[PDB]
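Shown next, in structure tokens, is the structure this report addresses.
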Amino acid sequence: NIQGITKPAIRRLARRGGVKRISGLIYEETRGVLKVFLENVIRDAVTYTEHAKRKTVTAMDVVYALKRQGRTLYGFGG
Amino acid sequence: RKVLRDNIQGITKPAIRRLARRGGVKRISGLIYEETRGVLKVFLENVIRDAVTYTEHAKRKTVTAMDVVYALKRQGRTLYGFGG
Amino acid sequence: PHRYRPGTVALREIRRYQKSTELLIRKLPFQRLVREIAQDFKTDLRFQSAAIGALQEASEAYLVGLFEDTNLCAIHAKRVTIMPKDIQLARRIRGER
Amino acid sequence: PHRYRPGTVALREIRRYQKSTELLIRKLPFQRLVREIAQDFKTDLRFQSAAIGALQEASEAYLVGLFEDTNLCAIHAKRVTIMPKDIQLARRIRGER
Amino acid sequence: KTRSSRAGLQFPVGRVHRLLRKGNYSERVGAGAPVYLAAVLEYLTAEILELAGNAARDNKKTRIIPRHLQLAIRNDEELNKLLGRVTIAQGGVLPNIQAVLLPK
Amino acid sequence: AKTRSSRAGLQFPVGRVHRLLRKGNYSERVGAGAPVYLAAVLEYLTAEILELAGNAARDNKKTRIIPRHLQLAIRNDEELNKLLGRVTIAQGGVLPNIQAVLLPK
Amino acid sequence: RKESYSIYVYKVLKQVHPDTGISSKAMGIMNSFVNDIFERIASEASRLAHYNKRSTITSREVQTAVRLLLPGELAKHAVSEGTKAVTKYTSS
Amino acid sequence: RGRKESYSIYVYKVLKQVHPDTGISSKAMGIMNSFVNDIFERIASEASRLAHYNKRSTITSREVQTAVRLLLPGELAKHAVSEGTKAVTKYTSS
DNA sequence: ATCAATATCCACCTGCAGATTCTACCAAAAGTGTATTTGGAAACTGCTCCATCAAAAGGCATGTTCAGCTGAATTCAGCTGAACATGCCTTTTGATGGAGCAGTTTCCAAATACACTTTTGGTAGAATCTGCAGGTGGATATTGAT
DNA sequence: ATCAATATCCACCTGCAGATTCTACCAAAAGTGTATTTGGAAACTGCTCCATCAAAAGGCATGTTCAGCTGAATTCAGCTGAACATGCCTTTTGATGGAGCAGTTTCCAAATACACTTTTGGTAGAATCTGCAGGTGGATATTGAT
């Protein structure tokens with residue numbers, strides 16, 4: 217499923233970041249980084265979910281998880 | 029008392045060199061020393077400013093080590109060994 | 012018989028994507044990845060659509076920022092092509108490593 | 012007359028200061044610097060000795076950390092000599108500026 | 275007769291007071307603290323809305339969207355410093371291309 | 283008159299930790315197991331650091347743990363290092379580390 | 003159930019831009035902003051009171067917190083607006 | 484006058500448990516006190532927040548446990564959850 | 001492949017600064033007995049959340065071709081490191097007055113706690129509007145080429 | 001730079017329709033009044049510890065010289081990654097209907113908060129003990145010239 221994060225999508229992200237030329241090895245490096253990011257955020261979110269005896273990850277659980285990681289997000293509950 | 033001026037230059041070239049060494053730096057361009065002073069001065073302004081704000085809030089005239097510890101903790105530079 | 016020189020369309024896409032705000036990863040692949048990663052932490056979970064949307068916005072903002080710092084590292088090395096060692100240097104300075 | 016080749020004494024100093032923990036900026040000059048900066052912010056201040064000590068330990072820990080990241084930027088540029096653009100790149104990626 | 279009108283504020287002093295008591299910040303809450311805090315929240319809100327309304331005008335738009343909030347924040351040195359670790363969903367980034375990557 | 287630490291099987295002071303929780307403006311009410319659990323976690327983390335630090339002290343032929351030993355213990359353990367990756371330990375110095383590219387060819 | 007700051011944000015919007023509206027996603031962002039700054043100010047004032055062994059958060063704490071968080075500006079103007087609202091409140 | 488509390492005696496006890504031959508300089512003990520107070524406040528405030536997000540006015544060992552899992556990494560967390568759970572059931576055995 | 005010059009160990013010796021232990025009051029844990037809740041354990045709604053269908057409309061995967069960027073190789077001016085002479089100014093030891101923290105009390109302005117009344121803000125079915133997204137048609141920007 | 005073609009990009013105007021906006025009514029806060037509580041400001045004052053000052057001295061800072069080798073040009077070729085058009089497929093979209101399940105609401109028993117009385121564990125000094133910081137010795141590398 218990590219490979220479903222396609223090369224052209226990584227291209228688009230890079231371009232929003234101002235990147236002009238991309239080495240061919242960037243795509244797998246990017247997938248590895250994205251996966252560490254999601255593991256860290258989701259793990260904390262699901263910890264909030266379990267603490268609340270629910271089976272549904274809330275947007276609030278993600279927002280609190282992101283605020284713990286120092287990635288505060290506006291527009292979903294806080 | 030006596031007028032304080034140009035004390036940043038008391039951060040000597042050999043001291044900046046030593047700090048570079050503890051940081052593993054082998055070769056130092058001649059322009060590093062004045063950059064370091066600039067960077068150090070910003071660091072100190074930000075910490076002392078917060079520390080003295082804690083001092084003023086307590087209606088004191090003496091900056092305590094606790095004031096510096098709280099200022100550093102605000103700046104995300106938590107310090108152990110003066111905390112109490 | 013028309014071809015733009017390499018670099019021209021790339022700059023054109025920088026200008027386009029820095030101007031829009033749409034998510035750049037496709038939704039469904041992303042959702043599969045999120046649910047798969049989640050399954051290793053707790054089983055048979057459900058996700059509010061807004062929780063998936065929040066994760067995607069977080070991740071895409073994170074990656075775009077990381078690419079900015081990576082690009083700066085590549086420029087620092089007198090290149091214009093980002094490489095893995097650029098991402099690695101940025102992530103190290105950032106304290107993620 | 013005996014002469015060590017350039018770089019040899021530098022490596023000796025890296026090894027030496029990486030074993031030790033003593034402060035590397037001279038006490039009295041630093042105390043004067045803190046008093047000057049503080050006084051240009053509020054007058055009639057007094058300082059606990061330990062407050063100056065805390066400032067120095069923080070400051071030296073900060074500068075040593077910054078020089079590690081600086082050294083990484085220099086090496087990334089296939090150099091060995093740290094330069095001001097290295098410190099600037101480090102501080103930019105760190106989000107200080 | 276409300277405390278906000280008495281303070282001359284659009285923001286709700288009474289709610290800011292109930293959130294301070296209920297938020298586990300301190301045992302007691304002074305009478306002016308919710309007033310003061312409400313004033314600061316309304317002032318910062320106004321500052322952002324002003325700049326974002328401007329971005330909206332600058333784009334031939336009458337309704338402020340997230341992108342206008344992003345351009346307002348990132349283009350102001352101080353709001354940007356205050357929010358340098360915050361992500362504004364659907365705000366995008368500022369147009370910026372490094373010189374070295376331009377043609378010729 | 284048993285102490286709660288004794289009842290809990292702990293060296294750390296359960297009663298004092300329970301008092302720091304009520305006085306700390308963390309919540310209205312504090313359950314009875316919260317200070318026990320917290321004193322337990324604090325004593326375990328103290329044990330783990332002191333273990334590693336004592337080993338550093340012995341590795342450098344010393345009998346008394348000083349800050350430098352605390353630094354080596356923390357920086358050399360991946361998890362204590364992550365736990366304290368934003369903490370500065372006064373008089374701890376740094377880990378001996380020289381980038382390879384800087385050694386003689 | 004589920005109170006918000008939307009009403010008050012919209013009022014302030016009409017004060018500075020009577021001509022201008024706001025999409026609900028943007029209103030969401032404004033809510034996140036208000037809750038965030040609220041918690042920063044409140045948390046710093048909490049600490050301030052604790053360091054000085056006091057049990058009351060007063061406007062004095064809130065002010066020092068504002069000085070500690072906003073650059074100043076945006077802190078000089080925040081201090082202005084806060085002092086102003088408190089005195090207008092105490093003479094009524 | 485002006486009596487101030489510490490964790491020093493408890494740190495020292497645990498020290499004798501793990502390394503009976505070894506001492507600790509007061510500066511290192513200073514570091515240890517800062518560590519205990521730091522981690523205490525991280526755990527306590529994360530617990531404060533969990534309780535708030537669930538409209539619960541009580542911090543129980545369940546909160547303290549979720550906080551420890553959110554803060555400690557990996558292997559330190561599994562051992563801390565063990566020691567804490569063990570102490571709580573031993574304590575509730577009067 | 002060997003001296004010589006110099007730096008680096010490493011172990012052995014020893015009292016002094018700093019630690020470990022010994023002793024007495026008091027703030028603070030503990031015990032016991034009361035009087036509030038808390039938030040769980042059940043039984044039930046209504047949302048929202050998967051699971052599928054089933055079209056098409058994109059957007060991605062693949063192979064071609066080359067432009068141009070990265071990296072390797074070579075040079076060399078001059079920057080920066082090492083070593084040295086000189087002598088300043090930080091350190092260290094120690095003393096002194098007094099600023100200004102911090103510890104006790106006293107005790108009013110301002111806080112929390114009710115109990116009652118009255119208003120507001122959130123909700124869910126009301127009535128328009130802002131822009132999206134397609135239409136041109138007109139310059140613009142790129143890139144090849146006498 | 002200015003000839004000609006291919007695409008790109010930019011404005012002006014257009015008409016839906018998805019979201020705003022404006023209108024219409026009920027519990028939960030918000031404001032008031034009344035009665036106690038109390039936190040911490042004010043008024044001394046005991047007593048650390050901060051700011052200064054004197055003085056002698058040696059570790060370091062400053063400046064200078066000299067050239068080793070580093071960084072910054074310059075060149076160049078192989079080959080990596082950009083731009084295509086071509087192809088086919090997984091994402092998207094949008095319901096229907098089913099259901100799993102967050103969120104209410106009604107609980108009572110376990111557990112928490114009070115609140116005085118009784119104990120004792122810890123803190124602040126004296127008192128007693130001892131790692132180790134330096135200081136001096138010759139082993140044992142380590143470097144750099146031949």
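Protein chains in written order, with the numbering used here: chain A, 217 to 294; chain B, 29 to 112; chain C, 12 to 108; chain D, 12 to 108; chain E, 275 to 378; chain F, 283 to 387; chain G, 3 to 94; chain H, 484 to 577. No residue lacks a Cβ here, since even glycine has one placed at the ideal position from N, Cα and C.
Over the uninterrupted beta strand (DSSP E) stretch that includes residue i, give me the two end residues.
i	result
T361(E)	360-362
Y490(H)	Note, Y490(H): premise wrong, no beta strand (DSSP E); not H, not E.
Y73(C)	Where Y73(C) is concerned, there is no enclosing beta strand (DSSP E), although the alpha helix (DSSP H) it sits in stretches over 60-87.
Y108(B)	106-108
Buried or exposed: which applies to residue i, given that a residue is buried once 16 or more other Cβ atoms fall within 10 Å of its Cβ?
i	result
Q67(D)	buried
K54(B)	buried
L294(E)	buried
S278(E)	buried
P349(F)	buried
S544(H)	buried
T66(G)	buried
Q284(E)	buried
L56(C)	buried
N298(E)	buried
In the DSSP assignment, find the unbroken alpha helix (DSSP H) run with residue i in it and report its ends.
i	result
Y310(E)	307-331
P40(D)	38-50
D38(G)	26-53
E24(C)	19-28
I356(F)	349-358
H300(F)	296-305
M94(B)	93-102
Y574(H)	558-575
residue 597(H)	What is shown of chain H runs 484 to 577, which leaves residue 597(H) out entirely.
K275(E)	Premise fails: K275(E) is in no alpha helix (DSSP H) and is neither H nor E.
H267(A)	242-267
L357(E)	Neither: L357(E) is in no alpha helix (DSSP H) and is coded neither H nor E.
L100(C)	95-104
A48(B)	41-50
Less than 8 Å between the beta carbons of residue i and residue j, yes or no?
i	j	result
residue 172(A)	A69(C)	With chain A covering 217 to 294 only, the question about residue 172(A) has no answer from this structure.
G84(G)	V314(E)	yes
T265(A)	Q59(C)	no
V81(G)	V68(G)	yes
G109(B)	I514(H)	yes
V547(H)	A329(F)	no
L44(C)	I242(A)	no
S540(H)	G111(B)	no
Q29(C)	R232(A)	yes
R289(F)	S577(H)	yes
How close, in whole Å, do the beta carbons of residue i and residue j come, if the pair is a contact with beta carbons under 8 Å?
i	j	result
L553(H)	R284(A)	7 Å
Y91(G)	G306(E)	7 Å
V278(A)	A62(C)	5 Å
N35(B)	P95(D)	Actually they do not touch by this definition, with Cβ atoms about 22 Å apart.
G234(A)	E79(C)	6 Å
Checklist entry - Are three or more beta carbon pairs between the segment 360-376 of chain E and the segment 342-352 of chain E nearer than 8 Å? => result yes
Next on the checklist: Count Cβ pairs between the segment 29-36 of chain D and the segment 68-82 of chain D that sit closer than 8 Å; are there 3 or more?
Outcome noted: yes
Next on the checklist: Below 8 Å, how does it come out for the segment 518-529 of chain H and the segment 246-253 of chain A: are there three or more Cβ pairs, yes or no?
Outcome noted: no
Checklist entry - At a cut of 8 Å, does the segment 255-265 of chain A reach the segment 46-62 of chain C through at least three beta carbon pairs? => result yes
Next on the checklist: Tell me whether the segment 90-108 of chain D and the segment 23-42 of chain G touch, counting them as touching only if at least three CB pairs, one residue from each stretch, are closer than 8 Å.
Outcome noted: no
Item to check | Segment contact, 8 Å Cβ cut-off, at least three pairs: the segment 357-371 of chain F with the segment 533-542 of chain H | outcome: no
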